[PDB]
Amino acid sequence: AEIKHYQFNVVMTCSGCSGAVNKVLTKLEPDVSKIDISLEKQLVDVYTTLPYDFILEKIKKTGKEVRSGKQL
């Protein structure tokens, strides 16, 4: 039952972009504990029990460019 921390650099030009990312993560409740989105750092932090590859894939399918990701 590990709650992992993933961090992504996601290009988000406006609040609609943060909204697109938030939306796909809401569909993965109740196994997403916390999300943090910063437009000022272009960063998305996801705290979840789900696998890294799956989270990355779902964010990428928004069409918002994912520049990089890592586990913390």
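Throughout, we count residues from 1 along the sequence that is shown. Take the two forms, find the largest set of C-alpha atoms that superpose within 1.5 Å, and that set is the rigid core.
Across the superposed structures in 4 other deposited structures of this protein, aligned by the core, the stretch whose Cα atoms lie more distant on average is 22-30, chosen from 22-30 and 37-45. The residue among 50, 14, 56, 21 whose C-alpha atom has the highest B-factor in the PDB entry is 14. For residue 28, the recorded CA temperature factor ranks within the middle third of the chain's modelled residues. Per the deposited record, the Cα B-factor of residue 66 falls in the middle third when ranked against the other modelled residues of its chain.
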